Amino acid sequence: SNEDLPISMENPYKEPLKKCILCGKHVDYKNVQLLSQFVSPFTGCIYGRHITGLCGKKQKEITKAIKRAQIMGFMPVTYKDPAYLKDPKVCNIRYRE
Amino acid sequence: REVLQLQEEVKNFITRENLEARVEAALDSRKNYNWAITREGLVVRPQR
Amino acid sequence: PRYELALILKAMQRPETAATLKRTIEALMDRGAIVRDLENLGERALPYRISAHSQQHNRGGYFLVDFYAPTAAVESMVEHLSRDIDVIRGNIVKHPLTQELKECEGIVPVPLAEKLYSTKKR
Amino acid sequence: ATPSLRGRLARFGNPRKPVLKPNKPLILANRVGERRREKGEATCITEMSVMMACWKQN
Amino acid sequence: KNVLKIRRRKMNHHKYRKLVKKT
Amino acid sequence: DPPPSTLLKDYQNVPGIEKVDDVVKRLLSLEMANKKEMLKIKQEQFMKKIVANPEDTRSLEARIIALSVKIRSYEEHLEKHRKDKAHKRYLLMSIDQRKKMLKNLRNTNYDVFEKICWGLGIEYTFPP
Amino acid sequence: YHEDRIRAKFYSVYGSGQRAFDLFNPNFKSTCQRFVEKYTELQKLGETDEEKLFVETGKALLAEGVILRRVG
Amino acid sequence: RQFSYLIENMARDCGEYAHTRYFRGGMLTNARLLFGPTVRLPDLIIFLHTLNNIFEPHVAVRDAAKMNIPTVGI
Amino acid sequence: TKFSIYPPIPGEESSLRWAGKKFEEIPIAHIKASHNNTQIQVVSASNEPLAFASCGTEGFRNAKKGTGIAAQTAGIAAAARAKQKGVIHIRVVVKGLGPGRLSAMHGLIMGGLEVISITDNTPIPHXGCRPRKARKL
Amino acid sequence: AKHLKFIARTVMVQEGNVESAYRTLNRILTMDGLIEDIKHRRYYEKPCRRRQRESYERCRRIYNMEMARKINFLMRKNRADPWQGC
RNA sequence: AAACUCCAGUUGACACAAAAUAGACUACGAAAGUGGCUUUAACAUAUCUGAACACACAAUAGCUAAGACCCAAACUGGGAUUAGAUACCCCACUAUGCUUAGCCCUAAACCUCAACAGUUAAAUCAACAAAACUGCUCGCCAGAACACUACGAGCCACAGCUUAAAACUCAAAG
Ligand code: FES
Ligand SMILES: [K+]
Ligand SMILES: [K+]
Ligand SMILES: [K+]
Ligand SMILES: [Mg+2]
Ligand SMILES: [Mg+2]
Ligand SMILES: [Mg+2]
Ligand SMILES: [Mg+2]
Ligand SMILES: [Mg+2]
Ligand SMILES: [Mg+2]
Ligand SMILES: [Mg+2]
Ligand SMILES: [Mg+2]
Ligand SMILES: [Mg+2]
Ligand SMILES: [Mg+2]
Ligand SMILES: [Mg+2]
Ligand SMILES: [Mg+2]
Ligand SMILES: [Mg+2]
Ligand SMILES: [Mg+2]
Ligand SMILES: [Mg+2]
Ligand SMILES: [Mg+2]
Ligand SMILES: [Mg+2]
């Protein structure tokens with residue numbers, strides 16, 4: 001018949017699925033430097049996923065690790081350890097504007 | 001394969017014979033679990 | 001199974017710290033534990049002032065003990081650590097490396113929910 | 001990103017209990033709320049205080 | 001729906017408990 | 001219960017495990033494992049003793065054996081935790097599901113049914 | 001279409017060609033379309049490896065004077 | 001409204017009629033009152049765009065069917 | 001150097017000085033901003049009381065204490081007494097969301113004191129004692 | 001009580017600009033939810049009332065975030081009328 | 001106003017109470033319920049349906065016995081308000097909220113939408129609400145009120161719970 005008729009395929013132009021910054025990386029409660037990146041510098045509050053940008057699976061892991069480290073004597077609760085204030089900013093939040 | 005790997009790790013396990021020697025070695029060494037993540041998903045190990 | 005003892009020790013000199021570490025490891029072995037490794041995380045200022053055994057501690061030596069013990073040993077060891085005056089805080093958790101991370105493909109987009117309300121003209 | 005509405009409301013397909021209980025249908029209207037006037041507040045309280053304080057002194 | 005049916009049952013039960021207490 | 005030195009079901013048949021170090025043996029034994037690992041060996045022993053084909057796990061007989069192992073675990077848990085209503089419900093439900101399995105087995109295969117009752121020490125009672 | 005697999009790969013490797021698409025001209029051929037054409041011509045020769053066939057396609061265009069600046 | 005001028009010229013050129021403006025209610029179902037008792041309604045209505053400016057069917061589509069007037073439509 | 005809103009850490013070495021004194025040595029002005037009163041106590045870096053003033057001690061009574069002007073007058077009173085003892089720079093630590101939360105600091109500045117930092121220490125229990133029941137108004 | 005003081009919720013004044021410092025501090029507490037949290041803690045909010053408020057605040061976020069998404073999508077069409085007179 | 005001044009602020013020591021943020025997540029459990037940390041045990045069923053009562057559970061309140069004391073708080077007392085105020089507002093303090101061991105077995109226990117399987121075709125379809133339906137099974141309902149009542153029976157319940165009528169009355173109730 002005719003060879004120009006559309007054929008059945010999976011979308012070849014489909015882009016790869018997005019991945020959170022922590023995708024494929026183990027989150028440890030001992031890694032206080034990583035955990036501090038997701039808490040408020042002034043109040044120590046854990047940031048929501050809309051700020052942190054983490055996936056649902058990693059947001060839970062970070063939350064559970066922060067809570068564990070804070071009660072085991074590794075992480076402060078009411079503020080962010082000043083030693084980690086100069087680490088890379090990975091959270092979409094602006095306090096001065 | 002797992003049993004073979006385990007049989008190799010047990011060689012380094014702490015025992016009552018090497019307990020004191022292993023305790024001194026631990027006091028001298030330092031282990032760091034801290035590292036940071038960038039907005040690009042790259043690990044930034046600590047420089048110390 | 002495999003456990004991890006997060007041991008925050010009192011700020012002491014090297015001879016006393018060695019005695020405490022050996023005493024703690026011997027207690028684990030006495031309860032049937034196969035100690036695998038001992039890691040020194042270094043002495044740092046505590047995140048908050050911890051009051052233990054009628055003493056206010058502001059500094060401590062952080063250590064890690066990797067060991068295999070029977071399930072019944074965990075409760076016994078927790079009791080022993082509570083009675084040791086050289087230990088500020090002691091916690092036993094299931095070793096994190098035993099837990100395997102499932103492979104993640106990525107974030108799948110969720111489309112806006114549809115057909116929540118009838119299409120009648122209001 | 002807008003929070004999800006999948007499984008949030010009590011519907012026949014939804015097996016779980018409802019997360020949300022909107023009192024009005026979650027449907028965009030053709031209008032927005034009117035601009036609200038700012039609440040009036042007393043002005044020049046500080047300047048009044050310094051004048052009244054000096055009167056007491058003098 | 002209004003609560004007129006519940007209100008009638010509410011008064012019945014109140015008066016009943018008051019009667020039982022008295023007697 | 002199986003001795004604590006018993007090797008795990010997964011590592012029991014790997015070649016050369018009888019000659020490994022004593023530490024490796026006890027690390028791979030029941031002593032260093034959770035309660036569920038010992039339950040698997042219990043199920044294995046009952047399957048070999050009673051069932052004709054231990055490899056077939058979909059048979060009405062294997063399901064009765066597996067359920068009885070679970071029933072026994074709940075009774076041991078409930079002995080320690082007396083006010084655990086969640087597990088008391090699971091035990092009573094499990095007992096009723098084994099009765100239904102036994103009734104279906106009694107109606108279909110009596111010769112095999114009698115072997116289940118003997119091996120597992122289950123007495124079939126008729127409902128009121 | 002079958003060539004969408006080629007077009008998707010080309011756009012990923014090289015990106016949008018410098019030549020701007022002129023959709024007004026019905027006979028306009030883009031750098032990607034030229035690649036598909038050469039790719040198909042080399043497929044008729046009897047090449048069975050996509051990666052090898054993709055590499056050969058790029059080499060033929062480079063010889064013809066086409067500018068193929070990879071994203072890298 | 002991008003083609004209102006074009007369509008009004010095309011109708012005048014072929015000696016026909018165009019309605020590219022806001023369609024007032026009752027132009028077809030109430031014509032004898034709007035125009036006069038002896039007004040003659042269209043015999044054919046050609047919709048070059050069948051949707052109004054809120055992306056809903058042009059009202060005359062329904063009203064043309066009420067008046068039994070055949071309609072051509074893109 | 002760029003201005004850092006974050007306070008200097010006591011352990012680390014900083015170049016910021018106020019009258020030759022480090023951040024850890026500046027006296028502290030504790031402001032308790034309640035719904036019905038504002039209390040201001042100026043203490044030294046070693047917790048030695050220097051001055052105290054509240055809306056009640058300034059002659060305001062009943063609902064007149066819970067006003068901005070009443071708190072501002074209390075701030076000026078505390079500043080006057082604190083300046084006699086040698087206080088110039090103060091670290092403000094406010095507690096509560098009362099009407100005199102900001103006015104108290106304005107009074108302290110109007111009294112001749114310089115505020116170098118503002119700390120909020122309003123108590124927030126993390127789960128705590130159950131508060132009084134809601135009012136039926 | 002146990003933590004080090006003068007690290008949490010502390011803001012430094014720039015060039016004696018206390019007004020801007022208080023606004024910054026007040027903005028930090030609002031963005032974190034402390035201001036709104038403190039006010040709700042004055043009186044006990046019963047669980048059913050807290051669940052009823054959370055449901056209300058969540059339905060309002062979804063509506064407001066969808067209306068804003070439509071405003072920004074249609075703002076392009078605020079242009080002047082191109083076919084004026086047609 | 002009363003109350004407090006054996007008060008208040010700073011600093012230090014300091015629970016058998018309650019568990020910010022995360023949570024814009026929507027998971028777990030039969031439901032009731034479950035959101036601080038750790039560990040142990042642990043989440044029935046390879047067809048489905050299947051009970052007011054059998055079997056086992058079941059928020060809060062409440063009962064019995066022994067403990068705990070931060071805060072909250074029926075009742076009660078004081079202050080205020082009011083024509084009165086046995087309320088709404090303020091203060092103080094109980095039972096109670098907690099733990100242990102037994103009861104009691106109720107809820108707008110409602111997501112007022114039963115379990116399992118399947119459909120989106122046509123007249124979709126009273127109205128509103130959360131679109132309209134098919135197969136199959138158990139449970140339940142036949143005007144309002146009397147009536148979450150009387151009597152009988154069962155129950156660790158004894159001012160209780162479950163089951164649950166009739167007479168007279170009306171032409172409506174919904
Ligand atoms: S997207 Fe892979 S773990 Fe977050
Ligand atoms: K908490
Ligand atoms: K009921
Ligand atoms: K309901
Ligand atoms: Mg409603
Ligand atoms: Mg209403
Ligand atoms: Mg009545
Ligand atoms: Mg008085
Ligand atoms: Mg929350
Ligand atoms: Mg059933
Ligand atoms: Mg029945
Ligand atoms: Mg109960
Ligand atoms: Mg009780
Ligand atoms: Mg009280
Ligand atoms: Mg009491
Ligand atoms: Mg408690
Ligand atoms: Mg409920
Ligand atoms: Mg049913
Ligand atoms: Mg009742
Ligand atoms: Mg009764
Ligand atoms: Mg009776």
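Throughout, read-outs are computed from the coordinates displayed, never taken from laboratory work. All Cβ positions, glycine included, derive from the backbone under ideal geometry; neighbour counts span all protein chains shown.
Here is how the numbers come out for the structure above:
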quantity: Hey, I:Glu24 surrounded by fewer than 20 Cβ atoms within 10 Å (Cβ to Cβ) and away from chain J (no Cβ under 14 Å) or not; calculated: no
quantity: Residue in segment B:31-43 that is without any contact (Cβ under 8 Å) to a residue 12 or more places away in the chain, of a type outside the set (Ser, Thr, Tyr), within 9 Å of chain A (Cβ to nearest Cβ) and surrounded by 16 or more Cβ atoms within 10 Å (Cβ to Cβ) present; calculated: yes
quantity: Positions within segment I:105-124 being away from chain J (no Cβ under 11 Å) and surrounded by 21 or more Cβ atoms within 10 Å (Cβ to Cβ), in sequence order; calculated: I:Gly107
quantity: So A:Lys30, is it assigned to a loop (DSSP other than H, G, I, E, B) and more than 9 Å from chain C (Cβ to nearest Cβ); calculated: no
quantity: Breaking point among (1) more than 10 Å from RNA strand K (Cβ to nearest atom); (2) among the aliphatic types (A, V, I, L, M); (3) surrounded by 12 or more Cβ atoms within 10 Å (Cβ to Cβ), for A:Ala69; calculated: (1)
quantity: Failed item, numbered, when I:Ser46 is tested on (1) hydroxyl-bearing (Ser, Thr, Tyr); (2) touching a residue at least 12 places away in the same chain (Cβ under 8 Å); (3) surrounded by fewer than 21 Cβ atoms within 10 Å (Cβ to Cβ); calculated: (2)
quantity: Complete set of residues in segment H:39-68 that are over 11 Å from the mean Cα position of the chain (by Cα) and of a type in the set (A, V, I, L, M); calculated: H:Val39, H:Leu51, H:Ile54, H:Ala65, H:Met67
quantity: Residue in segment A:48-63 that is more than 8 Å from every other protein chain (Cβ to nearest Cβ), closer than 25 Å to I:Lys2 by Cβ, crowded, with 22+ Cβ neighbours inside 10 Å and in contact (Cβ under 8 Å) with a residue 40 or more places away in the chain present; calculated: no
quantity: Test set (1) in a loop (DSSP other than H, G, I, E, B); (2) β-branched (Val, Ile, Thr); (3) touching a helix residue (DSSP H, G or I) at 6+ places or on another chain (Cβ under 7 Å) - I:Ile76 fails condition number; calculated: (1)
quantity: Helices (runs of 4 or more DSSP H) contained entirely in chain H, each with at least 1 residues that are touching a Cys at 6+ places or on another chain (Cβ under 6 Å); calculated: H:4-13
quantity: Residue, nearest to RNA strand K (Cβ to nearest atom), within segment E:1-18, restricted to residues that are among the hydrophobic types (A, V, I, L, M, F, W, C) and under 11 Å from the mean Cα position of the chain (by Cα); calculated: E:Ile6
quantity: Residue in segment C:51-69 that is in a loop (DSSP other than H, G, I, E, B) and more than 10 Å from every other protein chain (Cβ to nearest Cβ) present; calculated: yes
quantity: Qualifying residue in segment F:45-67 (condition: part of a helix (DSSP H, G or I), within 14 Å of chain B (Cβ to nearest Cβ) and either within 23 Å of F:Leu7 (Cα to Cα) or within 16 Å of ligand 1 (Cβ to nearest atom) (or both)); calculated: no
quantity: Residue among I:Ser117, I:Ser54, I:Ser103 that alone is out of contact with any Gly (no Cβ under 6 Å at 6 or more places or on another chain), under 24 Å from J:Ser20 (Cα atoms) and more than 16 Å from ligand 1 (Cβ to nearest atom); calculated: I:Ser117
quantity: Residues (surrounded by fewer than 13 Cβ atoms within 10 Å (Cβ to Cβ) and under 22 Å from I:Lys136 (Cα atoms)) located in segment J:53-86; calculated: J:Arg53, J:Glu54
quantity: Residues located in segment B:1-15, provided they are assigned to a loop (DSSP other than H, G, I, E, B) and surrounded by 11 or more Cβ atoms within 10 Å (Cβ to Cβ); calculated: B:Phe13, B:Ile14, B:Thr15
quantity: Where a residue in segment G:30-49 is farther than 14 Å from G:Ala60 by Cα and its partner, wherever it lies, is surrounded by 15 or more Cβ atoms within 10 Å (Cβ to Cβ) and small (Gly, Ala, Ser), with Cβ under 8 Å and at least six apart; calculated: G:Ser30/G:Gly17
quantity: Selection count, segment A:8-23, where residues are surrounded by 14 or more Cβ atoms within 10 Å (Cβ to Cβ), more than 7 Å from ligand 1 (Cβ to nearest atom) and facing chain C (nearest Cβ under 7 Å); calculated: 0
quantity: Residue count for segment F:70-82, restricted to those that are within 6 Å of RNA strand K (Cβ to nearest atom) and more than 14 Å from chain C (Cβ to nearest Cβ); calculated: 2
quantity: Qualifying position, being away from RNA strand K (no atom under 11 Å from the Cβ), within 18 Å of A:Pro82 (Cβ to Cβ) and in contact with a strand residue (DSSP E or B) (Cβ under 6 Å, 6 or more places away or on another chain), among A:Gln37, A:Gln33; calculated: A:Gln33
quantity: Complete set of residues in segment D:3-12 that are within 9 Å of chain C (Cβ to nearest Cβ) and out of contact with any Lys or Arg (no Cβ under 7 Å at 6 or more places or on another chain); calculated: D:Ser4, D:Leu5, D:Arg6, D:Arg8, D:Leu9, D:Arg11
quantity: Subset of segment A:42-97 that is small (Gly, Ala, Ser) and part of a helix (DSSP H, G or I) - its residue that is farthest from C:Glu105 (Cα to Cα); calculated: A:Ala83
quantity: Residues located in segment C:82-116, provided they are surrounded by 14 or more Cβ atoms within 10 Å (Cβ to Cβ), within 14 Å of chain A (Cβ to nearest Cβ) and either of a type in the set (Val, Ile, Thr) or free of Cβ contacts under 8 Å to residues at least 60 places away in the same chain (or both); calculated: C:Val87, C:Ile88, C:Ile92, C:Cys104, C:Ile107
quantity: Residue within segment C:110-120 that is within 16 Å of ligand 1 (Cβ to nearest atom) and either within 20 Å of B:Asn34 (Cβ to Cβ) or not in a strand (DSSP E or B) (or both) present; calculated: yes
